[PDB]
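# Examination of the molecular architecture
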Amino acid sequence: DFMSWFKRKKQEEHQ
Amino acid sequence: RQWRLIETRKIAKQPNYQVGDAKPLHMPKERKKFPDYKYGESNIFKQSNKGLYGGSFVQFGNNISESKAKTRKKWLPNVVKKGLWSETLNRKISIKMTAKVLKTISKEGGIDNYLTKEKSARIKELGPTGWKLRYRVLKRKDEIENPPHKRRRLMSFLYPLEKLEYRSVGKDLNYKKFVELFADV
Amino acid sequence: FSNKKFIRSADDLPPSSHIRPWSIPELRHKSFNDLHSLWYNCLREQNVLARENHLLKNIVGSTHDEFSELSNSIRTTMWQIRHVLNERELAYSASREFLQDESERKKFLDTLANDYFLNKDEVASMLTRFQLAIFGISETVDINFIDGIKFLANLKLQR
Amino acid sequence: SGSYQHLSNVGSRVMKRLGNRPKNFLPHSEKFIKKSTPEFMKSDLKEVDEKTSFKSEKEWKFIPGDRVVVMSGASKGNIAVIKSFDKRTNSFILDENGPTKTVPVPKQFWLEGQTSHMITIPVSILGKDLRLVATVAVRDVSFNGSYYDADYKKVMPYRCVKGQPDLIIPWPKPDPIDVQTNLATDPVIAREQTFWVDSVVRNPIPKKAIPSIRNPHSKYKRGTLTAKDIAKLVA
Amino acid sequence: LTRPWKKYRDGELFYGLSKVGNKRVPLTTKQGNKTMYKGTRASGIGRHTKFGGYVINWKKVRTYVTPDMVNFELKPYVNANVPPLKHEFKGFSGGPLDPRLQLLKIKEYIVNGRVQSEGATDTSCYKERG
Amino acid sequence: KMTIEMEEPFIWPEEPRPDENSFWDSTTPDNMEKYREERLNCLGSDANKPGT
Amino acid sequence: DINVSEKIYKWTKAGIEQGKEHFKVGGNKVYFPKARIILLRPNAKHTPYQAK
RNA sequence: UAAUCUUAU
RNA sequence: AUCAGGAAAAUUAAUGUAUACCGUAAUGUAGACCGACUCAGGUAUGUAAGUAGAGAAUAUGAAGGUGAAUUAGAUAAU
RNA sequence: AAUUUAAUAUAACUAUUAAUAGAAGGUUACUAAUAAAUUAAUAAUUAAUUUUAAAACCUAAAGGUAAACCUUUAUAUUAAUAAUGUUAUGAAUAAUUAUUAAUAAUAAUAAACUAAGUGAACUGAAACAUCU
Ligand SMILES: [Mg+2]
Ligand SMILES: [Mg+2]
Ligand SMILES: [Mg+2]
Ligand SMILES: [Mg+2]
Ligand SMILES: [Mg+2]
Ligand SMILES: [Mg+2]
Ligand SMILES: [Mg+2]
Ligand SMILES: [Mg+2]
Ligand SMILES: [Mg+2]
Ligand SMILES: [Mg+2]
Ligand SMILES: [Mg+2]
Ligand SMILES: [Mg+2]
Ligand SMILES: [Mg+2]
Ligand SMILES: [Mg+2]
Ligand SMILES: [Mg+2]
Ligand SMILES: [Mg+2]
Ligand SMILES: [Mg+2]
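What counts, and at which threshold
- Residues numbered from 1 in each chain as written, not as in the entry; some residues may be left out.
- Chains lettered and ligands numbered in written order.
- Part of a larger assembly, values for the part shown.
- Heavy atoms only, no water.
- Helix = DSSP H or I, 4+ residues; strand = E, 2+ residues; numbered from the N terminus.
- Rg over C-alpha atoms; globule rule 2.2 N^0.38 Å.
- Buried < 20%, exposed > 50% of the residue type's maximum accessible area, 1.4 Å probe, protein only.
- Areas by Shrake-Rupley, 256 points an atom, 1.4 Å probe, with all protein chains shown as cover.
- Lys, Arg positive; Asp, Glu negative; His and termini not counted.
- Charge placed at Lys NZ, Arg CZ, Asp CG, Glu CD.
- Patch = residues over 30% accessible without salt bridge, like charges linked within 9 Å, V, L, I, M, F, W, Y side chains within 5 Å.
- Salt bridge = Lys/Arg side-chain N within 4 Å of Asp/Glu carboxyl O.
- Polar contact = N/O pair within 3.5 Å; in protein donor to acceptor, adjacent residues only side chain to side chain.
- Axes fitted to C-alpha atoms, helices over the stretch in contact; angles between N-to-C directions.
- Parallel < 35°, antiparallel > 145°, perpendicular 65-115°, else oblique.
- Contact = heavy atoms within 4.5 Å.
- Nonpolar A, V, L, I, M, F, W, Y, C, P; charged D, E, K, R; others polar.
- Buried area = accessible area lost by both parts, 1.4 Å probe.
- Pairing = 2+ DSSP bridges.
- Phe/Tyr/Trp six-rings, centres within 6.5 Å; stacked < 30°, edge-to-face > 60°.
- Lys NZ or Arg CZ within 6 Å of the ring centre and 35° of its normal.
- Core = buried A, V, L, I, M, F, W, Y, C linked by side-chain atoms within 4.5 Å.
- Near = heavy atom within 4 Å.

Per the deposited record, the coordinates in this entry were obtained by cryo-EM to a resolution of 3.25 Å.

## Structural notes on the overall build of chain C
Assigned secondary structure in chain C consists of six helices and one strand. Reading chain C from its N terminus to its C terminus gives the helix and strand order β-α-α-α-α-α-α. For a compact globule of 159 residues, the expected C-alpha radius of gyration is about 15 Å, and chain C comes in at 25 Å, more than 25% above that figure. For chain C, the C-alpha atoms occupy an extent of roughly 80 × 30 × 25 Å along the three principal directions. In chain C, buried positions account for 53% of the 159 residues. Surface summary for chain C: the accessible area is close to 8,100 Å², and the carbon and sulfur share equals 49%. Where the 21 positive side-chain charges of chain C centre and where its 22 negative ones centre are 3 Å apart.

## Some remarks on a nonpolar patch on the surface
A surface patch of nonpolar side chains, about 230 Å² in accessible area, is lined by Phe1(C), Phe10(F) and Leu39(G). Note that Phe1(C) resides in the segment before β1 (19–20). Judged by relative accessible area, which is 32%, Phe1(C) ranks as partly exposed.

## Concerning the side chain of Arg9(B)
Residue and element names in this part refer to chain B. Within the fold, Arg-9 resides in the loop between α1 (4–7) and β1 (59–63). No salt bridge is formed by the buried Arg-9; the nearest opposite charge belongs to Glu-41, separated by 7.3 Å. There is a polar contact of 3.3 Å between the side chain of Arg-9 and the backbone oxygen of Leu-5. Within the structure, the side chain of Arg-9 is placed 2.6 Å from the backbone oxygen of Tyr-39, a separation counted as a polar contact.

## Regarding the packing of helix α2 (residues 26–36) of chain D against helix α1 (residues 27–41) of chain F
Running from N to C, α2(D) and α1(F) cross one another at 125°; their axes reach a closest spacing of 8 Å. What the angle tells us is that α2(D) and α1(F) run oblique. Between α2(D), through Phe32(D), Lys35(D) and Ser36(D), and α1(F), the contact on the second element is made entirely by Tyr35(F), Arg36(F), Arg39(F) and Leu40(F). Of the residues that constitute the contact of α2(D) with α1(F), the class distribution is three nonpolar, one polar and three charged.

## Points about the interface of chain E and chain C
Taken together, the contacts link 38 residues of chain E with 45 residues of chain C. Between chain E and chain C lies a buried interface of about 3,600 Å² when both sides are counted; carbon and sulfur atoms form 67% of it. Of all residues in chain E, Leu74(E), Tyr77(E) and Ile110(E) bury the most surface against chain C, accounting for 21% of the area lost on that side. The tally of links from chain E across to chain C stands at 19 residue pairs in polar contact. The element that contributes the greatest number of residues to the side of chain E that touches chain C is helix α1 (residues 99–112) of chain E, accounting for 10 residues. Class assignment of the residues belonging to the side of chain E that touches chain C gives a composition of 25 nonpolar, seven polar and six charged. For β1(C) and strand β4 (residues 77–79) of chain E, the ladder comprises two bridges, and the chain directions are antiparallel. Note on β4(E): the bridge partner recorded for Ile19(C) is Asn79(E).

## Considering the packing of aromatic side chains
Tallied over the entire structure, the rule returns 33 aromatic pairs over all chains. For the pair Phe2(A) and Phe109(D), a centre-to-centre distance of 5.9 Å together with 70° between the ring planes defines the contact as edge-to-face. Separated into two different chains, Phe2(A) in helix α1 (residues 2–14) and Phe109(D) in the loop between β4 (100–104) and β5 (118–122) make up a pair that spans both. Grouping aromatic residues by their ring pairs yields a cluster made of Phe2(A), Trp5(A), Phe6(A), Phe40(D) and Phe109(D). One cation-aromatic arrangement involves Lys132(B) over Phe34(B); the distance from NZ or CZ to the ring centre is 5.8 Å. Of note, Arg88(C) hangs over the ring of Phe195(D), and the distance from its end group to the ring centre comes to 3.9 Å.

## Some remarks on the nonpolar core
Formed by 43 residues in total, the largest nonpolar core has its most connected members in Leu85(C) and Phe32(G). Those elements giving two or more residues to this core turn out to be α1 (24–28), α2 (32–60) and α3 (66–100) of chain C, α3 (187–191) of chain D together with β4 of chain E. Considering each element in turn, this core owes the most residues, 11 residues, to α2(C). Apart from residues lying up to four places away in sequence, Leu85(C) is in contact with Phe32(C), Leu35(C), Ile205(D), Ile213(D) and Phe32(G). Listed in part, the 25 residues of the second largest apolar core include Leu127(C), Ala133(C), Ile134(C) and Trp196(D).

## Observations concerning unusual backbone geometry
In this structure, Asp65(C) is a non-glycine residue whose phi angle is positive, near 65°. Counting through the fold element by element, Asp65(C) comes out in the loop between α2 and α3. Assessed through its relative accessible area of 31%, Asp65(C) is described here as partly exposed. Notably, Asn90(D) is not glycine yet its phi reads approximately 65°, a positive angle. Mapped onto the elements, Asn90(D) comes out in the loop between β2 (78–86) and β3 (91–94).

## What about the pattern of salt bridges?
Here the idea is simple: oppositely charged side chains can pair when their charged atoms come close. Evaluated as defined, the whole model comprises 24 salt bridges over all chains. The salt bridge involving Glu108(B) is made with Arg122(B); its shortest N-O contact spans 2.7 Å. Of this pair, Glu108(B) sits in helix α2 (residues 99–108) while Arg122(B) sits in helix α4 (residues 120–125), placing them 14 residues apart in sequence. Judged by its relative accessible area of 27%, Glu108(B) falls in the partly exposed class. Across the pair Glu26(C) and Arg20(C) runs a salt bridge whose closest N-O atoms are separated by 2.8 Å. Judged by relative accessible area, which is 12%, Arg20(C) ranks as buried. Put simply, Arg1(B), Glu108(B), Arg122(B) and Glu125(B) are held in one network by salt bridges that share partners.

## Regarding the protein's contact with RNA strand I
Of all residues adjacent to RNA strand I, which total 30 residues, the nearest are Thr29(E), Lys30(E), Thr40(E), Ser43(E) and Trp58(E). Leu1(E) places a polar main-chain atom, nitrogen or oxygen, 2.8 Å from a phosphate oxygen of RNA strand I. Between a base nitrogen of RNA strand I and a side-chain N or O atom of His48(E), the distance comes to 3.0 Å. In terms of residue count, helix α1 (residues 4–18) of chain G provides more of the surface near RNA strand I than any other element does, three residues in total. For the surface near RNA strand I, the class distribution of residues is 15 nonpolar, five polar and 10 charged.

## Section: a negative patch on the surface
The grouping of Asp30(F), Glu37(F), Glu38(F) and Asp46(F) at the surface amounts to a negative patch. Within the element layout of this structure, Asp46(F) appears in the segment after α1.

## Description of the interface of chain E and chain G
Of the residues lining the interface, eight residues belong to chain E; the matching set on chain G comes to nine residues. Here chain E packs against chain G, burying approximately 800 Å² in sum over the two surfaces, 66% of which is carbon and sulfur. Where chain E touches chain G, the interface holds zero salt bridges. Of the residues assigned to the side of chain E that touches chain G, the class counts are four nonpolar, one polar and three charged. Across three bridges, the pairing between strand β3 (residues 62–64) of chain E and strand β1 (residues 28–30) of chain G is parallel. Paired with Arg62(E) across the strands is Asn28(G), a residue of β1(G).

What follows is the structure, encoded as structure tokens:
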């Protein structure tokens, strides 16, 4: 769950 | 008397196979030559499967002394090798017999007669070998009585024509195959 | 490799929402050659992923598994393709069996004759298609071909 | 790792035994797992088995994108748009307004614009703990009809409020998947029909291809009997 | 020392963790005598010679036949904007293997000549007959 | 594992940096493994002992 | 006329020239192969003209 | 000695 | 010399031959096998530098390998 | 709205009673997938009934073997055609590919209960031998 959240956060940061 | 060691025997009931049904996993190579003997094949005095023992199995019992000290003994039947004449087969058939069985044969007036007696007791006290012998004799008697006519050439005549017809369409045709096709017709 | 990359990053990979495996129905109306090509593309993709997946597991000791999921998905599509290929053959075999039963075939021929052939309010095109469909006659020789010729002659006589 | 285990299925029975642990020794199994995992990784909720997993959109009462009020918790009476569900746990990850925990995190997993190792992260939460909203919250939702969605591209059910069925709670329209990948075939080519059932004489796929398609020596496919075979069998 | 961090005698082995273990576990290619030949299902290809050689039988050798004109536009995945298609076979007990259905399809082909289906024409479509 | 000889040469592309690629970055999984080892194999007063 | 190894070499050369197979193709036609292969990184013992 | 039995071809 | 010494599986000519699978590390008079142990035990074969010699005895040791899960001191009685 | 108590789970065994019926393991990989119909109910549906796909190797009994391997050659003949190249004189002889017809094959199978065959000894008799 955490890993997925972190990935989502990274994606958001990118875009 | 009784036929306990014979009529106790049970054999796996084969399911009746329809022409359209699925195969069993292990179908045998060569077909069944003889009819099924009701009482299978003896699983104790297997010595007696090879001969006409007249339902006389080996006994086991006790040797008993003056002191009554019991000791296990066995009581074998009076077996004997004996080539006896079959009128039906037109040959003598050599087998192991009990002396009792030989006596019965003599009484009945032949070996074929002994084999072919319709009573259930006889059937029980025939072996698997005895059953096969009976079948051989009975079949031979039937043949003697009733020759085929009282067709093969027609089949032989038609076969080459049938083959030619097949070739004209495009396929080749063997005899054996032709025979298989026109057995029931 | 893929775009000459030692390893596809998360951004370089195709995302899960954008990608779907093939549906069996979709596969069912694709030609044999096309299906074969698709299969080989799938296999190629798996190889690329397999190389990468191995590197990931053996060296870095990851448990990210995107590549593995992709490989699985491809494998799913492949077996679906294999299934549709088998299914088509079976359907063909069933049709052949049906045609072999003579009365049914005759009925089918009669039905064909009634509706579309011998009618007005194209015919040649239908015949050419029908010829290919039912008999071995394109624009070589057999009993079936002969039968088809005879049928065609009969139709001509009727018309 | 330096494993090679992943290119095979070796020690299969042992793996099965390990994988399918008895359920009454599940606490035993997970106690050590919990210990092993760091605080920022581990979750409080029970990792449910794939049998008891909400695969359908009826089984999940809520979809990622819809707005939900939280209750039975610390951040209760809080509206939150649910971001993504967790499949193994059977739970939802809410946005900033939902329930969270502040936990230390290593610099491998640092977001751009962080001073401290301490970071607030969203905890998972069950569908039982949170109720829909439309402002009016919904006590319970029921499904009675179904229809093809244009955006979702599925035959989805109609979320209706429990009791009065005409009050439909609509599904949240998802984000547009702008697909630009070399491994995804486009809509026109993906569906274009190149096969037609035409020939009865010529078989569609060649004879040399059949062995790949099906096993010609299949032990399962039993042969049918004939008259001759029957005769051979029977005495 | 075998390993310098272990100065004193712990019950650690010279190599590995345990000497003992289940001996009854299937043989591999590496194990056994010089004469022990396991094999790996790789070569029922040719025939062994009288003298100990080998002669390949090329009619019994695996080729991997690839299509001559590769449709590269077909990809391992489909674009997810396309819905997953669904066929319906109502009035056909056999389903896609139904001979009646096949006959109908053949008839349609004969009449029309390679007309694309609902799903094939329209990508927005999700259910279909064929 | 089968080696092949081929008439044209080939050299692999250079492996990416830790910062560049997400997956090819062995620090995280190795750290996790180390942490697991520490926690399971921690016995008594090494619970108080600070983490590596 | 000529020895076996030389004949084989000649055949291989001919196949290369053709752009056909440089080897006798078998008859056991596998249309839909399921086998995957993992291209490995090169060891020190190999050249740039090898791949494993 | 076409009771039995042993051997060889 | 008496102790009297295995078994079993052809040749010319023409036409072929694209050469399959498995073994290959290191250890093996041993810490890597059999002895409950990194056990002075047990464990098959071939080379086994020269100088010396009857020699594979014995001395030395070119090369190679090794100097070790115990050390440092003290060295009473025993 | 929550808490407690008692009962119920795909998720214990044991004994009894009642009712009903007579049933795959392992090995490791080129992993061993499924598709449908009709009827009822509530287009998707759950339920019932029926059809259908794939499914490696080993588990005495195709032939071997040191279980998960090897060898047999059904991606075979044999024939009939069609297309290709060579030999010798339109017809003949061999090889390769592609259709059509013909030819055989896959034992992993319970355990308890029953019936039959053979049939102990310790032990008891305060010994022991009939007897047990
Ligand atoms: Mg032991
Ligand atoms: Mg060895
Ligand atoms: Mg060799
Ligand atoms: Mg070695
Ligand atoms: Mg070596
Ligand atoms: Mg040992
Ligand atoms: Mg000892
Ligand atoms: Mg030692
Ligand atoms: Mg010397
Ligand atoms: Mg020296
Ligand atoms: Mg050494
Ligand atoms: Mg020492
Ligand atoms: Mg078997
Ligand atoms: Mg052998
Ligand atoms: Mg008894
Ligand atoms: Mg007593
Ligand atoms: Mg006594």
